[PDB]
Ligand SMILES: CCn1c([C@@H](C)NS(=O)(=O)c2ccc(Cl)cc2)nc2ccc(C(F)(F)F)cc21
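What follows is a single chain, given as structure tokens, in the form solved without this ligand.
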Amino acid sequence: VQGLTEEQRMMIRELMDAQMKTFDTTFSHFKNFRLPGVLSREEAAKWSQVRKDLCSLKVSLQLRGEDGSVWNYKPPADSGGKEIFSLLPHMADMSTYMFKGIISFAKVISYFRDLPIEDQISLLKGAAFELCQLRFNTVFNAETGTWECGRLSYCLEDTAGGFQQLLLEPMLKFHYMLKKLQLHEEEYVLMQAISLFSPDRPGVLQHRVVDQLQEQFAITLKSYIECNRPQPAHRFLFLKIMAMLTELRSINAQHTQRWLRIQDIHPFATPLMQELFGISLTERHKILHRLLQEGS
């Protein structure tokens, strides 16, 4: 701590405080979510692409009850029909809940609250998926391929190629790679800040304020790693993290294209997802605007 500047210690403290106040790790407040029910050449190419997007990210769901009970949902196998979409309604509700936690996270950060509200909208539109993925990595169990979200657990379905086959999916490789770095909470939340305060997000106007903010978060991260991470296992850690943030932005662009594909074929998005991912600003994004004006 003494190795960091006082401004840098306050920056990590506010980011850590914001994370604790806005990250519902146990999903204890995630309720009323939908669940899978009890039960043309061009169009063929479009469906074929979507079938690969959803098959790569195939998971079973486990719903854990406070009483000790466990509901487990194993997805249908792909027969070429719309059974590939059985879990989309649930994943949209759960993603929307995560996005609302990310929005609250940003609202509590002084540096973000001061910015113009159109930039607050533009930065959240550009980073929502990325910060959600960073938070999901902190609950990812790489031994079991499971995101352990308290009452909800999402387990990757076993495939033919095994581990190697799943690593061909950039989203999954990112989670396995990032988990291997064994990052601290402080390093995760600084990653979130660097991603959030990206000057080159579409629609940003205060490119220069955001860029100066981003640089200070990165400098703080580098300083933290130097004052707390001396082992040879952590050599070049800062640069590794920065490289993973660059990979996360590429995965963010890939996700947007997958989302517009799946939305065209089978609309699944909630109103908040459509605002985040579906591009005057405040008027086109009425939910974000409201949430950003509301209190914490």
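For every residue, the number given is its place in the sequence shown, counted from 1.
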Quick check on the record: how many residues from the deposited sequence are absent from the model between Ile279 and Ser280 (none, 1 to 3, 4 to 9, 10 or more)?
10 or more
Unresolved deposited residues in the interval that joins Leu39 and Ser40
10 or more
Report the stretch with the higher mean CA temperature factor, choosing between 17 to 25 and 268 to 276 on the basis of the entry.
268 to 276
Test of understanding: from the entry's C-alpha B-factors, which stretch has the higher mean, 163 to 171 or 141 to 149?
163 to 171
When the entry's CA B-factors for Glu157, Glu187, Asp211, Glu226 are compared, the highest one belongs to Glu157
Candidate residues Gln62, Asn252, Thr246, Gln231, the one whose C-alpha B factor the record puts highest
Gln231
Within-chain third of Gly80 by Cα B-factor, per the entry
highest
CA B-factor placement of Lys180, once the chain's modelled residues are sorted into thirds
middle
Hey, what third does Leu205 fall into on Cα B-factor, ranked over its chain?
highest
Relative C-alpha B-factor of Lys240, binned into the chain's lowest, middle or highest third
lowest
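There is another form of the same protein, the form deposited with this ligand bound; it is not shown, and what comes next is about it.
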Heavy atom within 4.5 Å of this ligand in the deposited complex - the one residue of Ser223, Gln216, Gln133, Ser198 that qualifies:
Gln133
Going by heavy atom distances of 4.5 angstroms or less, which of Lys240, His255, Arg64, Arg249 would be at the interface with this ligand in the deposited complex?
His255
So, a 4.5 angstroms cut-off on heavy atom distances: do all three of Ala142, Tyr188 and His234 pass it with respect to this ligand in the deposited complex?
no
Testing 208 to 216, 108 to 116, 146 to 154, 189 to 197 against this ligand in the deposited complex with a 4.5 Å heavy atom criterion leaves exactly one stretch, namely 146 to 154
Exercise: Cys227 in contact with this ligand in the deposited complex, heavy atom 4.5 Å:
no
In the deposited complex, does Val204 come within 4.5 Å of this ligand, counting heavy atoms only?
no
Residue-level question: is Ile265 within 4.5 Å of this ligand in the deposited complex, judged on heavy atoms?
no
Can you tell me if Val59 lies within 4.5 angstroms of this ligand in the deposited complex, counting non-hydrogen atoms only?
yes
Across 173 to 194, the residues having a non-hydrogen atom within 4.5 Å of this ligand in the deposited complex turn out to be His175
